[PDB]
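Peer 1: task: produce atomic coordinates for the following.
(chains A, B, C, D, E, F, G and H)
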Amino acid sequence: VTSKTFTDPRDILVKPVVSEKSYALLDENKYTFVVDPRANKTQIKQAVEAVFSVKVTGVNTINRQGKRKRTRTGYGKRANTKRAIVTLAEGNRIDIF
Amino acid sequence: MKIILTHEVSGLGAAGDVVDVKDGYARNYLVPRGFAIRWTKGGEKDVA
Amino acid sequence: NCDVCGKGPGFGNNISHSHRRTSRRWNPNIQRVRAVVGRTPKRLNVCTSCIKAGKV
RNA sequence: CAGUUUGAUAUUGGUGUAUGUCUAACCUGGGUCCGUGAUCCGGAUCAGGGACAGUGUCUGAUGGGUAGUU
RNA sequence: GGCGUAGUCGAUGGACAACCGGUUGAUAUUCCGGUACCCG
RNA sequence: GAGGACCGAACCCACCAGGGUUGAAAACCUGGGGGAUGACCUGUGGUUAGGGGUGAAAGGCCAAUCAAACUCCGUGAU
RNA sequence: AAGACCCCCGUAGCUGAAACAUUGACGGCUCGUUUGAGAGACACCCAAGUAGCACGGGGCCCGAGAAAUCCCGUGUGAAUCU
RNA sequence: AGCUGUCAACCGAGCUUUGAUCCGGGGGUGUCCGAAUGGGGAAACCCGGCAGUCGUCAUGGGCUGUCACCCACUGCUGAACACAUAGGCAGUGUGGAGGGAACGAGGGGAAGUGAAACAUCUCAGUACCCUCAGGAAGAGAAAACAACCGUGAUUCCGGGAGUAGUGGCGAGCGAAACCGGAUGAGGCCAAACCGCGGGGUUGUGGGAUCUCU
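Peer 2: Residues are numbered from 1 along each chain as shown, chains lettered A, B, ... in the order given. The structure is reproduced below:
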């Protein structure tokens, strides 16, 4: 291992998503994360499996456009984001809180 | 162009003769086929 | 353009009896010749001055 | 002025009586083969044309096709 | 600078495997239920 | 059961009239009107560029501008 | 906090660089030379499709004119110290 | 001895005399596009080869390096065809590609305008375009001037002079000799002759080659 060929899965998993829809999805064992936009479903699956040592069944990814916002000077745009919904095997859970 | 013959050419001369011919005749026919070469001082000693 | 000596075309004026000037061009007398450079057969654009001098 | 066109001259040589003939410059948008998987290109090689044509410089003719103006 | 060979792009065409029903305030042939299909 | 065939909606067009004319619209509205299986209409992708393109030919069209587009430059033209 | 040489920042005047840049000097280092001069011979060499010349042009005070020198294209085309 | 850039206040939470913030020099990181250069493309998007490596029963998937074209050179092979070349293969190169406000050298080159019209002419070798640069560029060491006296590489500035001249002798255009200044610098090859090297470098002509002192 070196300082250039070092990769840690925790870089893919940016942060969890807290919301009413995400909470509703928790009951079905579907966890929503915000992930690095350059990652693909395969990376997301490997990252979750390595970080949480859980068996991932399926991964869905939603690409969300940043929301344009008005300001005093003019218009800015928030960052675009990629969201992943990870469905886990029965009996497996993640404590995100 | 005046030239040294290496072979005998009809109506021009024998081998080794120094003769003057039209430039086109020598450039396109004689020199390519080895019948003749350009005049040089070294040519004179070569004949001798 | 002769590929041997670099002789290029010249530019000047065409003059009428009324002395009106217009632009014309003196292109060199360049003839396409088959030659052997380094034992390899090749076709060149060469000016008759080079041909006359025996440069090809 | 472009364009079309005439002649001289260079590329352009041999040989015979302005005009024949020859091959070697030059031309083939002719055939076949190779680079090569290739209708371009080039190199071979056979088949022709041929010092003609094409092209450069010089030159006469024509030139509302175009351009500047009265 | 113009054209172009091998190539390489170029759908408005060709080839190629999923349907029904339910659900949220906002998505559904995408999630859920049942039964299917294709490539490795 | 053929047709540059007939009547007639969609679609394409614009012959007549009235309205509009600082308009609802920098060319339209209402009622009639022509073609409506063909030289037809249309979508998508290409392509032709200014003394030039294209033109079933009106000097028509070439981004509301065309007997020679538009922009910058010569330029503070005359 | 209203017109400041002495309230502050500064100015006059001095002073300062581990690091790297620019540029000097020196040493190493590198290179060049290590026979030369005179007299007599000889006509061997002294930049070629160039100079000149003919035609068609360009530029020079010079608008091609009796037009020199300079540059370009086409043909023709030398001599080497007499 | 404070600090957490600014619009730009505010909250919250922190760092700091074990020397922060701030300042200067060096170094590491530096996603994707762009000459863009692995292939493609509607720039910032898409899809790969080869080697290595992480992961898994394994595909799928990560991460690192590398892969455009042209040119220079070294080697292998050598077509139609027999030499042979063309071409193909291999190995390397801190070689090129593009950008840039003005200035420069060499080429191409307008018209409006003026001429109270207009074509020779002017505008003007300007605008613009093309190739190539450098910190400057270009020029530059006499096949030069001058006038029988003489100066001695080039460049730039002020004169000579709006003069000599040139011009539908119209509108216009326009030097040189020489003078005063800024700076000051000279070197090397080809040729002949001898085996890429030696040789030699000239205007009072010099060099070669041979003979003599």
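
Peer 1: how about chain B: which residue is closest to RNA strand H?
Peer 2: Residue nearest to RNA strand H within chain B: residue B:41 (8.7 Å; C-beta to the nearest atom of the strand). Every residue, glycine included, has its C-beta placed from N, CA and C.

Peer 1: tell me who's in contact with residue B:11.
Peer 2: With contacts defined as C-beta atoms under 8 Å, 6 or more residues apart in numbering or on different chains, residue B:11 has no neighbours.

Peer 1: so it is in which element?
Peer 2: In the assignment (DSSP states H and E), residue B:11 maps to no helix and no strand.

Peer 1: for residue A:30, see how far away it is.
Peer 2: Per C-beta to C-beta, to the nearest Å, residue B:11 is found 107 Å from residue A:30.

Peer 1: okay but residue B:22 is in contact with residue B:2, surely?
Peer 2: No. Using C-beta atoms under 8 Å, residue B:22 is not in contact with residue B:2; the gap is 10.7 Å.

Peer 1: neighbour count winner among these two?
Peer 2: Neighbours per residue, other C-beta atoms under 10 Å in any protein chain shown: of residue B:22 and residue B:2, the larger number sits with residue B:2, 12 against 9.

Peer 1: give the contact list for the more buried one.
Peer 2: Residue B:2 touches B:18, B:19, B:20, B:21, B:39, counting by C-beta under 8 Å, 6+ apart.

Peer 1: in these, which residue is surrounded by the most others?
Peer 2: residue B:21 (18 neighbours).

Peer 1: which residues are in contact with that one?
Peer 2: Residue B:21 sits next to B:1, B:2, B:3, B:12, B:30, B:36 when contact means C-beta under 8 Å, 6+ apart.
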